[PDB]
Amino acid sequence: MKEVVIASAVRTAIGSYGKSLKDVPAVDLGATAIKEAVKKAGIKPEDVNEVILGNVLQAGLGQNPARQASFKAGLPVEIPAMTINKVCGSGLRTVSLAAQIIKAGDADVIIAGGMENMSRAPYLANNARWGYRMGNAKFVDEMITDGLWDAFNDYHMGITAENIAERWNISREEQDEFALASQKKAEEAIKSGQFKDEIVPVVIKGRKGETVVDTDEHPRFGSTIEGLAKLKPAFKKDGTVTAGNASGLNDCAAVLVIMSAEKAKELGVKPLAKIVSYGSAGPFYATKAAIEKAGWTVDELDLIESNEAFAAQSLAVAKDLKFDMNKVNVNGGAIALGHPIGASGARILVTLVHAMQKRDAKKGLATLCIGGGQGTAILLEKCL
């Protein structure tokens, strides 16, 4: 079984809803990240065998958004590309799929990751083709429907988080303290340059000027516990979940170059980390199973990226798995940084791997999504 490594890991800044990246289609974010990921790996476009990218809000983006990103990045037209939708899991699942294809003997170099522009999601008229006949109907927000709405229970993902808060008995105060810590860690990380290596600038050329976007926009610098304590609940009357202890709606692309170890050696590439194990192979058993498959334990881990869609979910996973919180989300998490759904799993992988390199941490975990069959996790070991 071939060893599989991460050659490069790059992301755009994470934009806020309707703000810095509103005018930049997901496929263009993806192209910008691909082009740079190839350059950082020290390979040529011709060396890439396949492109596999997460994207959740595909509506109206045109045929095969991953292929569009590939093309717009300068990759040969003949490189096959596919777009993967596993909602929250999309961006990380492309990385493990890449590893699987490499293990199967069918490729040596794969561009993986994800892209999302939630700011640009359409509205839909579902019955426009054959007609509404009579009566008011729903003008459907496609971002909510395709990205945020529980298709079975018929409520917002925010309601699942409220149920997890109740079930694990996680208070409003515990959630807001967790949020404030994410905010603080993100602020110092940004100000201390921890994201400078991993972020590729996005250049927006107007008719009249150019704007460069290279900094994560979503963090609220100078956050306070009092500010958080005043917030109104987002999802239900008397809820614990607010806009302040949950992530946002955000825009980003995050891409990694995944290679066999053998090809990386052949191409002179110095790999960042090796992919030791992944969830494909309590209710957080994907994460537990990936750790076990690595032959590791939670105590052994040096750094952990555990996504913060909701503070209540992050805290439940952390209590159940007994994470040392000093090693969790060291540069801030999704409450501060944002949750661009299709790209989010890849984004935290990009952040983990750069953090491992900067901090000399040997063992890393990236985990996100919760609930049976949705959890996605990868274990990384730093290349010496």
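When you see a residue number, it is the position in the sequence shown, counting from 1.
According to the record, the deposited sequence contains no missing residues between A151 and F152, so the chain is continuous there. Stretch comparison (153-161 versus 120-128) by mean CA B-factor in the PDB entry places 153-161 on top. Looking at 173-181 and 132-140 together, the entry lists the larger mean B-factor for 173-181, computed on C-alpha atoms. Per the PDB record, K265 has a higher Cα B-factor than any other of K103, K265, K86, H218. Across the residues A281, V109, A273, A189, the deposited record lists the maximum Cα B factor for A281. Among the modelled residues of its chain, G248 has a C-alpha B-factor that falls in the middle third according to the deposited record. Sort the chain's modelled residues by C-alpha temperature factor and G373 lands in the highest third, per the entry. Sorting the modelled residues of the chain by their CA temperature factor places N307 in the middle third. Sort the chain's modelled residues by C-alpha temperature factor and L61 lands in the lowest third, per the entry.
When all modelled residues of the chain are sorted by CA temperature factor, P45 is found within the highest third.
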